[PDB]
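**Q**
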Amino acid sequence: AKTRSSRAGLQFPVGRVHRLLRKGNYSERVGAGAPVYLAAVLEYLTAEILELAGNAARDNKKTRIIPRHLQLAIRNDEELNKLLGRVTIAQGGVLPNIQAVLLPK
Amino acid sequence: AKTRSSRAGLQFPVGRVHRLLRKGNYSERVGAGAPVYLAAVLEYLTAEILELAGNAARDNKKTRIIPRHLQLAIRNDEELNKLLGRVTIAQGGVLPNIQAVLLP
Amino acid sequence: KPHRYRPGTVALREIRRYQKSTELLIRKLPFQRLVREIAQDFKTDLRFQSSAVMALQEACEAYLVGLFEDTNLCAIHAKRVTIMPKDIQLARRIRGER
Amino acid sequence: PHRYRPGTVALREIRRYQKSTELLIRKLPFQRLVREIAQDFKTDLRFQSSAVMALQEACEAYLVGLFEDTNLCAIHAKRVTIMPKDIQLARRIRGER
Amino acid sequence: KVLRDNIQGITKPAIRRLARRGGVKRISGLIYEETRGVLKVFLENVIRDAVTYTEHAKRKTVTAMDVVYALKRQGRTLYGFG
Amino acid sequence: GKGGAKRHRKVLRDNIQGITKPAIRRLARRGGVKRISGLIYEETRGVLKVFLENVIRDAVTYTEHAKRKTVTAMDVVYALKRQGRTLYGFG
Amino acid sequence: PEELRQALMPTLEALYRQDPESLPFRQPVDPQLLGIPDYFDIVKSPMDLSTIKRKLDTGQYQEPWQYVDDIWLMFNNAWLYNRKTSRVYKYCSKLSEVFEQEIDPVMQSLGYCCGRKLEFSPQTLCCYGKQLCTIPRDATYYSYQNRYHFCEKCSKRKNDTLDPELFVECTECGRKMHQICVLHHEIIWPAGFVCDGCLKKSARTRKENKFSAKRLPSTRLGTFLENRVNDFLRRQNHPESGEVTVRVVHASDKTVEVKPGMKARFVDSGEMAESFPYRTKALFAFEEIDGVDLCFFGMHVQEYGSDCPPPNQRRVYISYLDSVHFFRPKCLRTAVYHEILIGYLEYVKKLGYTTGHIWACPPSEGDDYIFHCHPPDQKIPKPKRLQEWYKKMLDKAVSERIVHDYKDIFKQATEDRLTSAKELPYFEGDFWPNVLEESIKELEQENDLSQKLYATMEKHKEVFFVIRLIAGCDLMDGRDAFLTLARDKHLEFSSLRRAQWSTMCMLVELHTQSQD
Amino acid sequence: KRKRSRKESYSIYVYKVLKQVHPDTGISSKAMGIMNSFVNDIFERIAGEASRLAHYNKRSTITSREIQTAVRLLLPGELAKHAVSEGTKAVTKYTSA
Amino acid sequence: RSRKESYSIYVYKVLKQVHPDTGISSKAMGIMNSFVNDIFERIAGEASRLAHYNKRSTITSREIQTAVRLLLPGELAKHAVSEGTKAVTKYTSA
DNA sequence: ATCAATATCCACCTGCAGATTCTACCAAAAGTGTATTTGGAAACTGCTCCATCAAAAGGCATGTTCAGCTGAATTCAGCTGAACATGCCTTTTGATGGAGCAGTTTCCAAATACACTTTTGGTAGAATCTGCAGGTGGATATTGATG
DNA sequence: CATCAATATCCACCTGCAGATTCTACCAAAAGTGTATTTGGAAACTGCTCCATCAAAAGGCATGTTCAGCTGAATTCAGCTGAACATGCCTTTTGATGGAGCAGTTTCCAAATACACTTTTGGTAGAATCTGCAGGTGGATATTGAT
């Protein structure tokens, strides 16, 4: 009748997450609400990262999200930067920063 | 009436590491030679670290191995230190190492 | 008297240009030859995918940019603006790979 | 009055504390600090003695590594005295900050 | 008892001795405070995970098992406690 | 064969020097470096080689397990992930 | 010999001024200098453009076709000795293109048709031991006395050859002229061949060609189709449109036999007839382009009369159909096809036929239904666009109140309360009898027949079209003979001139077969 | 032939998420791949942490509590709190659904 | 009382094989047990991951040999691979 | 160059918490013989894509010169190093009510395991749409240089 | 310190292009529900180990003070080696093109479970003996600062 994601008000597929947990050999048993909770967490993370990327894109006068916009979104937020401190974004570049000593006069 | 541990001739228990592999649910199937290989590798590493610790104690005129000897053995071996680069040895301390600039 | 900018103005200009841009800086063929010879140093007659070479290039430039940032901070710490071998040696030693 | 040169005692202490392995920070203040931090996080907690010992040893190890990095940075800057700037430099390069 | 303000319990000669283990000869005045602050930051990093492990396990006491697991998950693996 | 056009290109052996001066300069500039010493270039080349020895060794070791001798981008993604340098966009 | 030189310096100097493309051909090929000692092993004629200049200056060419053959031989040698990825190959291709562009006006200035080297497509041979199989192209094949051919499973060489075009020598001026370009047939003009220039010099005209489609025997269906097409063209009033003649050149009575499986299952029970008689008709559409008759459309149909046993009564089926995109204008070719098929549907419905069947099966790649050697630029329609075209055909037909309605075969079977395979029409060469035999065999290994038939009909419901019309010459006996004749005589339709030559060849063959 | 290659991705789901957040914003192929890799990496990390926690506590079943604990452990403070709140609301309303 | 497994006797036997006349402190044995446990955990986890990427649901000698090659560097890796190969060929030869 | 005050390494003796050597258990392991299942050994193959060659140009290697980058030499305010008086904050021993940790029983909501009808997503081909990279014509500080 | 002026660069903009977007239809792969089975952790009770608290004699660094020698910081000046530029040149990228490998397909035999018996044995309760460095004592020996 209704999908688990639609029943739980989520966009990510709950049953797919359940299957991935099943075949990933994490544990012998997996609960019904665990995929729902995980899908909700992933949905929140995705929504936040995409809204930050959209803000970066509209700041850069661009209407399409590019990996540069993703780098601007991820790195400008120190919380996400702590989350992804050991991950490099392809075609993301680095933030424009100049050392005080290197600055003229 | 021959146990698999005696058949392999290795000190480490093959059945015990097989049971540990089963309990961790690493995979839904575990091969027959997998516990043997794990036991062999763990025993080899243990033998190397123990002989290094015994040698370090011998240079220290000590017949009892202490965690300080463990630190001396691990940190004096380049590849062993690389393997345990992010691992702290309890009651081990640090190696005596001071720069030549600091010396007068 | 031909026009000549002093070192420091155009230098920061190109620094900003390369920091606001994301295109690859290492040429494809020399890096590909280097990675292929290093691969055959371990196993002869290996084959490479284009996406694999792209991933190697991205990882190498990201790591090199991080290392250069660390060296820049080390040099600024030592009342200097030029990175020198002692700076990079210290950065690599305290990072943990050495 | 016999007086040693400034530095000889420092070398003596460095050798003594690099030869030994016994824990240097006092047990009771560290345990009290751990209790205060736990209370600040969540009230009505208890700590095993082994947990306190593990926390103490890990803290000494981390601080010793930080001291190695700070000393190496200070020597890099043609200096023998360590200053906080070395500490934040080492922490920033380590990626903790 | 909600005891407070024992950060001075991190003894200044104790910091000097710990730096002596680190091969340092000379220590400035602010080094003691900086080491106290970084130690506090490390304590915040570790005790948070330890208390979370304690809470998930339906326990009201902190054991060395959770402490060593938190340290090892933090990239600071510790031995001597299993 | 014919053709009437060829070049020795004796750079195959020393491909470590194949990383051009402007390339290394651009990589340094992207890191915020204002001035570059003359000895930085060969040391950075050696560091790049060492990083290659770290990553491609794991990639090749992954490759032979799958009964294959062609390296896949997924394999190097895993090799970078296991070293704490996970790369995105090649999944 | 100064006139030929004065004609031939322009093209060769145009070739020379293409640098650095012409640079490698300025000097003789030296194996030791270029490091190619195998050049003489493969190339049997070592000579170059400098040799061509020397021969031209000394008057070694009696007539320009020798120079054309020499330059094309050099192009072929350069193409064969070097792979197409090489620089020399693309330079030779550029020189060949420049020569093709330049020689045509110069070659025509002397009175010749053109200066192109034209070779036919490779001729696929046929097997002899099996008498049913053929010799595959671009594969190893066996030959004996150049008359017997054998395949792999039935001299060891590979079939990769090109057949050059024939030449006809002028009776008056003696020039060697192509057969195809001016469309000259010995049968039509036994007196001899006279070039256009000689005819215009003496104010003469070519003898009237009575081997034409317009002079073919007239048929009521062909006359109806031709006058309907002419009326439609007049209504459109296209300046580029011409006159279209449609003639029915084949009409014979044949009988189709029930396949052994169906014969055993139903015929032996006294429920179905042993055979269904029918009349097959083949018609072609011819148009006058530049005063030349050209075939551009053709049809093969089977007509079952009232004397045929049911359920084939009053049914017509289109076995095959083909078309060539050389009709003028291009835009009205599709409309002319609409008019031809609507005219046929009106004729069959006036005769008394009530049901029409169309099989929308596009030709496979490399396969030709009627016209052999389809042009390379003619795109083969996909099944979806072919079905859309057939739907447009049906919509245009119903728009004229000629066809009452149209339905798919599944819908027609559902409306016809079909309960068994006996009620379906039985056509010669149709896919339905073959798939029914396959289903019978599958049941042999394993209402079941009806269920399989329903499943197959639903699977391929969009392929077969059923039309409800009423509601309330051994050379053309099949498409195999015409294709075989075209392959043997190199009657290709890949170009306008080749298509016109094939049209005259088939018209002459039909005229000669008419008289016995 | 049945030679149709198949590969799993969250492309349509993240696309619908974007239209839920930014209807007038698109995603490039490189950005789509980066987002898919990020989702896969975070999923693997959080699921492995949950499995590790369950194994440590002798738990053979994965429920929402250990996933919430893992989120608190590894996800950053504000992010972890918001994700925990949204997941709790989602599971609570799914229970009554 | 819940059973608490430890590798004490096996480490002692290895010592007697290597250093018959050397003692062991209680703290050192715990360090040995922790080292064995975490090394085994790392090898098993990375081997399971490797089987996961290649869509393999069985842990065989190849995956764990690859895991040893990846974690242990150089001479220890080669020696462990050699001893594992001889152990497995002896196991399959019996 | 020699010399007196200190810390270092070391030989040697002794009480003791801890490392090592006996005796018996038993249940959690550890080992072994069928029935079963199945990831995988193995061969032929359609389909990707990986190695290789030619031209355009977007760049890369070289010589010149110089005021700033770096490096060497000198001096100083101070502060942290060394020494010492006073002592007090932590150690260890020993004991204790009890909050809290963990051993054992039961079983009911939750998860497992198919069967099945329901729906659902990744791909192949169609054709319209669109965000974005260059470049030509302004044009905007800006910094080196002139004054 | 105010401005003649060449130039990298941002926006005002635009027109062309590969890619992101929109649509219809196909079909194999998930997926929710139903039915039957299994189970494991929450409640319920309870034995017990070690967490927290108390108390006192005692000491060795904790705390504070005092004297001063080096030491980073500041300053100045000099050798110089990278930065910016102009020049000659040259290596690269993409397009196109042969076959080398990568999975899809089909057979099926060696190999890993489930579980029923059958058997070795690792902490560990319990107690008596060997063992090696913690701690203290004493005098040989480098160390060092300035006599």
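These protein sequence lines are chains G, C, A, E, F, B, K, H and D, in that order. Its first residue numbered 14, the first sequence is counted upward by one per residue in the entry's author numbering. Its first residue numbered 14, the second sequence is counted upward by one per residue in the entry's author numbering. Its first residue numbered 37, the third sequence is counted upward by one per residue in the entry's author numbering. Its first residue numbered 38, the fourth sequence is counted upward by one per residue in the entry's author numbering. Its first residue numbered 20, the fifth sequence is counted upward by one per residue in the entry's author numbering. Its first residue numbered 11, the sixth sequence is counted upward by one per residue in the entry's author numbering. Letter by letter, the seventh sequence follows residues 1051 to 1204, 1232 to 1523, 1578 to 1603, 1621 to 1664 of the entry's author numbering. Its first residue numbered 28, the eighth sequence is counted upward by one per residue in the entry's author numbering. Its first residue numbered 31, the ninth sequence is counted upward by one per residue in the entry's author numbering. For every residue, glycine included, the Cβ atom is placed at its ideal position computed from N, Cα and C.
Would you please state the rounded distance, in angstroms, between the beta carbons of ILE94(D) and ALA117(D)? I believe it to be under 8 Å.
**A** Wrong, their Cβ atoms sit about 12 Å apart, outside the cutoff.
**Q** Rounded to the nearest angstrom, what separates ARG1292(K) and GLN1464(K) at their Cα positions?
**A** Cα to Cα, the separation comes out at about 36 Å.
**Q** Who does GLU1169(K) pair with in a DSSP beta bridge?
**A** Answer is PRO1241(K), bridged to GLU1169(K).
**Q** Please say whether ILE1598(K) and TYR1467(K) have beta carbons closer to each other than 7 Å?
**A** No, the Cβ-Cβ distance between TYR1467(K) and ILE1598(K) is not below 7 Å.
**Q** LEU65(C): which of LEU45(D), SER112(D) and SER36(D) sits nearest, CA to CA?
**A** Residue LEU45(D) is the option with its Cα nearest to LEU65(C).
**Q** Does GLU52(B) pass the burial test, meaning 16 or more other C-beta atoms within 10 Å, or should it be called exposed?
**A** That one is exposed.
**Q** If you draw a straight line from the C-alpha of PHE1075(K) to the C-alpha of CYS1142(K), how long is it?
**A** Their Cα atoms are separated by approximately 9 Å.
**Q** Per DSSP, what are the beta-bridge partners of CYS1177(K) in this structure?
**A** Note: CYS1177(K) sits in no beta bridge, so no partner.
**Q** Taking 8 Å as the threshold, find out whether the region 49-61 of chain D comes into contact with the region 23-35 of chain C through three or more Cβ pairs.
**A** Segments in contact, no.
**Q** For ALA1290(K), which beta-bridge partners are listed by DSSP?
**A** Note: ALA1290(K) sits in no beta bridge, so no partner.
**Q** From the beta carbon of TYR98(B), is the nearest beta carbon of chain H less than 7 Å away?
**A** Cβ-Cβ to chain H under 7 Å: yes for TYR98(B).
**Q** Does chain H have any CB closer than 7 Å to the CB of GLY44(G)?
**A** By this cut-off, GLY44(G) is an interface position.
**Q** When you check each C-beta in the region 32-44 of chain F against every C-beta of chain E, which residues fall closer than 7 Å?
**A** Here the close residues are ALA33, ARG36, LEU37, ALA38, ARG39, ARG40, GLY41, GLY42, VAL43 and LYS44.
**Q** In the DSSP assignment, the alpha helix (DSSP H) including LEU116(G) goes from what residue to what residue?
**A** Element bounds for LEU116(G): n/a, residue is neither H nor E.
**Q** Quick one: Cα of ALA86(C) to Cα of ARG71(C), how far?
**A** If you take the alpha carbons of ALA86(C) and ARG71(C), they lie about 11 Å apart.
**Q** Looking at the C-beta of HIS18(B), does it have a partner C-beta in chain D at a distance below 7 Å?
**A** No, no contact with chain D.
**Q** Tell me whether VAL101(E) sits in a helix, a strand or coil according to DSSP, three-state version.
**A** It is helical.
**Q** By alpha-carbon positions, which one of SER57(E), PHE84(E), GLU105(E) and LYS115(E) ends up nearest to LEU70(E)?
**A** That would be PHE84(E), whose Cα lies nearest to the Cα of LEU70(E).
**Q** Looking only at its own chain, which residues have a Cβ that is under 8 Å from the Cβ of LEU58(F), when we skip the five neighbours before and after it?
**A** Answer for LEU58(F): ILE29, listed in chain order.
**Q** If we ignore side chains and look at the alpha-carbon of each, how far apart do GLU1380(K) and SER1497(K) end up?
**A** Computed Cα separation, rounded: 23 Å.
**Q** Whose Cβ in chain C lies nearer than 7 Å to the Cβ of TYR83(D)?
**A** The premise fails here: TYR83(D) is roughly 12 Å from chain C at the closest Cβ pair, so nothing lies under 7 Å.
**Q** Would DSSP call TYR1394(K) helix, strand or coil?
**A** It is a strand residue.
**Q** Relative to the alpha-carbon of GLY41(B), which residue among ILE78(G), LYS118(G) and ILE111(G) has its alpha-carbon at the smallest distance?
**A** Ranking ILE78(G), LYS118(G) and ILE111(G) by Cα distance to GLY41(B) puts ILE111(G) first.
**Q** I'd like to know if the region 97-112 of chain E and the region 41-50 of chain F are in contact, where contact means that at least 3 CB-CB pairs between them fall below 8 Å.
**A** With a cut-off of 8 Å, the region 41-50 of chain F and the region 97-112 of chain E count as touching, because enough Cβ pairs lie within range.
**Q** Three or more beta-carbon pairs under 8 Å between the region 1419-1431 of chain K and the region 1364-1384 of chain K, yes or no?
**A** Verdict: yes, contact present.
**Q** Taking contact to mean 3 or more Cβ pairs, one atom from each stretch, closer than 8 Å, check whether the region 1275-1287 of chain K and the region 1166-1185 of chain K are in contact.
**A** In short, these stretches do not touch, since the Cβ pair count stays below three.
**Q** Just to confirm my understanding: we take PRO1452(K), look at its own chain, exclude 5 residues before and 5 after, and list those with CB closer than 6 Å. What are they?
**A** Once the five neighbours on either side are set aside, the close Cβ partners of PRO1452(K) are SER1642.
**Q** Taking 8 Å as the cut-off, does the region 84-101 of chain H touch the region 61-73 of chain H (at least 3 CB pairs, one atom from each stretch)?
**A** A contact exists between the region 61-73 of chain H and the region 84-101 of chain H.
**Q** Taking only runs of the alpha helix (DSSP H) that begin and end inside the region 1387-1432 of chain K, which ones reach a length of at least 4 residues, in chain order?
**A** Whole alpha helix (DSSP H) segments, 4+ residues: 1408-1428.
**Q** Who are the Cβ neighbours of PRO1060(K) in its own chain at under 8 Å, not counting the five residues just before and after it?
**A** So the qualifying residues of the chain are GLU1152 and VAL1156.
**Q** Is the shortest distance between the beta-carbon of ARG86(D) and the beta-carbons of chain B less than 7 Å?
**A** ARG86(D) does not count as touching chain B.
**Q** When the Cα of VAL70(F) is compared with those of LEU49(F), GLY94(F), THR96(F) and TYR88(F), which residue comes out closest?
**A** For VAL70(F), the nearest C-alpha among the options comes from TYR88(F).
**Q** In the DSSP assignment, the alpha helix (DSSP H) including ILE130(E) goes from what residue to what residue?
**A** It spans 121-131 - the alpha helix (DSSP H) in which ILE130(E) sits, taken as one unbroken run.
**Q** For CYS1372(K), list the residues DSSP reports as bridge partners.
**A** Beta-bridge pairing links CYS1372(K) to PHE1363(K).
**Q** Can you pull the chain H neighbours of residue 5(G), defined as C-beta to C-beta under 7 Å?
**A** As shown, chain G starts at 14 and ends at 118. That puts residue 5(G) outside it, with no answer to give.
**Q** Compile a chain-ordered list of the residues in the region 62-79 of chain D whose CB is closer than 8 Å to at least one CB of chain F.
**A** Per Cβ criterion, the list reads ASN63, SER64, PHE65, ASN67 and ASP68.
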